[PDB]
């Protein structure tokens, strides 16, 4: 069928590539402008194929969509919009245009974790299960009827990158391709999202990924892994903003109080720099271990190396 792909990143590129390989006519790719150095992976693959690339800035403003952004979109004659990873909200004029409407990839088990940082919040809340949903776009934020959903176990030490790479990305691509196949064969469903279990959270950025030390250790571990790698959980240490990556919970033994103490303002008590990383304490007397640290405009350093 005729498809407009609206989105970005490696994920949008892989979905584009698979749909093209399945015989679909990609009539247009609508993506972010270069930054301004690198061209987005999706525009690169599209032009390599001879497919109309668009780099619109934003569609909405003053409560409204333009006509110059709408009209260039409508020209390509899409029968379905596919929104693999779309960094912004798209006007209903665009969303409702094609005969089949629009489908969106969302890396959570909707109606849980509506919002743009769903993977982060899945881990921050310490959910045992996670996954993704392909849903039909409506005017609300991640509220549209479900086409399909796929589920996975969240591992205790999963960070954003590991669950994404293990499951959300590769299976998300297959889910998007399957959704289109169900649509093309005329069998795709529209399951209204249940009321029960709905949540929505804010988008995670550097500023609001600051660590709140007054929480039990498990909560701090979840907060850290839930913001690892991006935006990167952080705290003030000795005047510097320091980011924390690679958290695990640390049980036994003592332990080991053989590190060099490291004072962290607001921490329930001083941290310990050990050969295996930075031991941190929650407000419940329990411990977590952080493998890697990072300063502003700096490389990753092992927590074990803080004092050298």
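Positions refer to the first chain, counted from 1.
Higher mean CA temperature factor between 297-305 and 3-11: 297-305, per the PDB entry. Stretches 181-189 and 126-134 differ in mean CA B factor, with 181-189 having the higher one.
Sorting 67, 243, 274, 283 by the CA temperature factor given in the entry leaves 67 at the top.
Across the options 267, 250, 278, 27, the residue with the most elevated CA B-factor in the record is 250. Remark: residue 166 belongs to the middle third of its chain, ranked by C-alpha B-factor as recorded. The deposited CA B-factor of residue 72 belongs to the highest third of values across its chain. Ranked against the other modelled residues of its chain, the C-alpha B-factor of residue 97 as given in the entry falls in the highest third. In the PDB entry, a CA B factor belonging to the highest third of its chain's modelled residues is recorded for residue 86. Among the modelled residues of its chain, residue 238 has a C-alpha B-factor that falls in the highest third according to the deposited record.
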